[PDB]
Amino acid sequence: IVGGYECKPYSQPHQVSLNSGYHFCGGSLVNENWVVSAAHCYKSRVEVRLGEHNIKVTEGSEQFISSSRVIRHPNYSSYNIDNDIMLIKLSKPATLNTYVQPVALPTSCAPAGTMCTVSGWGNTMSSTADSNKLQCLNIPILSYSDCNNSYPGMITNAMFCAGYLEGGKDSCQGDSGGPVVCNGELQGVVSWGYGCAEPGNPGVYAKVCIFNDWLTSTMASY
Ligand SMILES: NCCCc1ccccc1
Ligand SMILES: [Ca+2]
């Protein structure tokens with residue numbers, strides 16, 4: 001996260017770290033058994049770490065749970081990073097408590113201008129901000145016009161832009177798969193962008209609100 005502030009510890013209890021030796025992507029707990037992340041973060045098996053604040057120090061609030069199933073959206077395309085969403089089933093249910101709580105799936109698509117929070121342990125590109133401690137950032141959802149203008153012909157129905165066209169504040173590598181929460185609901189998943197915090201290059205996010213059918217059906221299928 002570039003240009004944000006350190007999240008208050010456990011203020012984003014749905015935030016999870018996907019670990020394969022080291023943290024490599026974020027994700028969001030949507031219920032005791034399932035985590036939503038980005039398809040470009042796909043790995044056959046991953047260890048989901050919940051209840052984290054500082055990912056390099058044991059705080060006593062963590063739960064490390066291995067994945068049971070990793071399911072990429074059927075239409076995910078590595079050629080253009082389209083339909084960048086994936087579900088991870090936990091091999092054992094997460095224990096919900098003060099440090100671990102699920103985030104609600106959207107009841108509808110958030111309109112442009114809606115203020116959201118994006119968080120993660122990715123590149124901060126600053127000498128002050130320690131990426132081992134969860135970083136937070138408030139970003140507004142941009143209109144399709146603004147999004148298409150920045151990335152001509154690259155924005156599909158499954159993508160939306162959020163951030164600032166002036167740059168300076170953005171999600172970055174390592175934040176991939178993480179949450180974009182607006183009005184208490186998961187509206188986006190950190191997906192792609194040109195660099196981080198560059199003017200004219202806002203972050204691109206998977207549009208969760210158009211995947212409710214797939215999400216609901218898959219979470220009921222085994
Ligand atoms: N806001 C940038 C998010 C990081 C990213 C960029 C390009 C491809 C994958 C992730
Ligand atoms: Ca920790």
Side-chain angles (χ1 to χ4, degrees), residues 1-8 11-16 25-30 36-38 40-41 81-85 101-126 128-129 131 133-212 215:
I1 294 292
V2 182
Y5 48 89
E6 190 179 307
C7 302
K8 255 46 237 286
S11 60
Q12 312 301 132
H14 52 277
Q15 174 83 54
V16 306
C25 278
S28 299
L29 186 70
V30 291
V36 170
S37 187
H40 81 258
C41 290
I81 324 173
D82 195 14
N83 297 306
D84 197 16
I85 191 161
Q101 288 292 321
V103 61
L105 288 183
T107 50
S108 62
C109 300
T114 300
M115 181 56 53
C116 309
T117 295
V118 61
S119 53
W121 289 279
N123 282 11
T124 57
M125 303 200 298
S126 52
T128 46
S131 68
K133 303 194 186 64
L134 190 65
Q135 299 294 308
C136 273
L137 175 67
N138 300 106
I139 52 173
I141 291 177
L142 308 189
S143 69
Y144 168 64
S145 307
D146 280 351
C147 192
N148 182 248
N149 286 351
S150 298
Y151 305 113
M154 302 193 262
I155 307 304
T156 69
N157 72 131
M159 304 170 190
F160 73 90
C161 286
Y164 305 88
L165 294 176
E166 295 178 40
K169 294 174 160 180
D170 198 4
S171 56
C172 200
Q173 61 185 162
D175 292 324
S176 300
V180 174
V181 180
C182 334
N183 278 128
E185 299 171 337
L186 182 71
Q187 291 282 161
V189 169
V190 179
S191 183
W192 61 271
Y194 273 63
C196 309
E198 289 178 2
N201 291 155
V204 183
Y205 300 86
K207 199 182 292 176
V208 181
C209 69
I210 67 165
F211 296 109
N212 269 314
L215 295 167

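Here, residue 1 is the first one in the sequence, and each next residue gets the next number. Just so you know, these numbers use all the heavy atoms, side chains as well, and skip hydrogens, waters and symmetry mates.
- Residues passing the ring-ring contact (aromatic ring centres under 6.0 Å, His included) test with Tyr164: none are found, sequence neighbours excluded.
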- Message: Could you walk me through whether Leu186 and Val36 satisfy the side-chain contact (heavy atoms from CB on, under 4.5 Å) test, starting with their C-alpha distance in whole Å, then the side-chain angles of each, then the deciding distance to 0.1 Å, before giving a yes or no?
- Response: CA-CA 10 Å; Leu186 182 71; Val36 170; 4.3 Å; yes

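- Annotation for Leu137 and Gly3: closest pair CD1-O, 3.8 Å, computed over non-hydrogen atoms.
- For the atom pair SG of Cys7 and NZ of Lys133, the computed distance is 12.5 Å after rounding to the nearest 0.5 Å.
- The two residues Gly195 and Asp170 make their nearest non-hydrogen contact at O-OD2, 4.3 Å.
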- Test side-chain contact (heavy atoms from CB on, under 4.5 Å) on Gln135 and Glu6 and set out the steps. CA-CA 4 Å; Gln135 299 294 308; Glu6 190 179 307; 4.1 Å; yes

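- No side-chain heavy atom of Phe160 sits less than 4.5 Å from a side-chain heavy atom of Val204.
- Side chains of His14 and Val181 form a contact here, defined as non-hydrogen atoms less than 4.5 Å apart.
- At least one donor-acceptor pair closer than 3.5 Å links the side chain of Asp84 to the backbone N or O of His40.
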Side-chain donor-acceptor distances from residues 149-159 under 3.5 Å, at least two apart:
from	atom 1	to	atom 2	distance (Å)
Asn149	ND2	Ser145	O	3.3
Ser150	OG	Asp146	O	3.2
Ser150	OG	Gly200	O	3.4
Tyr151	OH	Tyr194	N	3.4
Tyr151	OH	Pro202	O	2.7
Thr156	OG1	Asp82	OD1	2.7
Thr156	OG1	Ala158	N	3.2

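- Using modelled atom types, one side-chain atom of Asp175 and one backbone atom of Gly122 make a donor-acceptor pair closer than 3.5 Å.
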- Query: Going through the checks in order, is the side-chain contact (heavy atoms from CB on, under 4.5 Å) test met by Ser28 and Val16?
  - Reply: CA-CA 6 Å; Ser28 299; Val16 306; over 6 Å; no

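- Qualifying salt bridge (charged side-chain N to carboxylate O under 4.0 Å, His left out) partners for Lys169, counting only residues two or more places apart in sequence or in other chains: none.
- A donor-acceptor pair under 3.5 Å links the side-chain atoms of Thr124 to the main chain of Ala129, judged by distance alone.
- Residue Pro179 comes nearest to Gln15 through the heavy atom pair CD-OE1, 3.3 Å, listed as atom of the first residue, atom of the second, then distance.
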- side chain to side chain donor-acceptor pair (under 3.5 Å) between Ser119 and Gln12: does it pass, once the steps are laid out? CA-CA 8 Å; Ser119 53; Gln12 312 301 132; 4.5 Å; no

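- Separating the CD1 atom in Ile139 from the CE atom in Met115 is a distance of 8.5 Å, to the nearest 0.5 Å.
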- Task: Could you walk me through whether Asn123 and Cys196 pass the side-chain contact (heavy atoms from CB on, under 4.5 Å) test, one step at a time?
- Result: CA-CA 9 Å; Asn123 282 11; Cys196 309; 5.7 Å; no

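- How far OG1 of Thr117 is from CG of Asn183: 10.5 Å, rounded to the nearest 0.5 Å.
- Using a 4.5 Å heavy-atom threshold, the side chains of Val189 and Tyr205 count as separate.
- Taking every heavy atom of both residues into account, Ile1 and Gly120 meet most closely at CG1-N, 3.7 Å.
- Across every non-hydrogen atom of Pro106 and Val208, the tightest pair is CD-CG1, 3.8 Å.
- In this structure a side-chain-to-backbone donor-acceptor pair under 3.5 Å is missing from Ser176 to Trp192.
- The SG atom of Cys172 sits 9.0 Å away from atom CD of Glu198, with the distance rounded to the nearest 0.5 Å.
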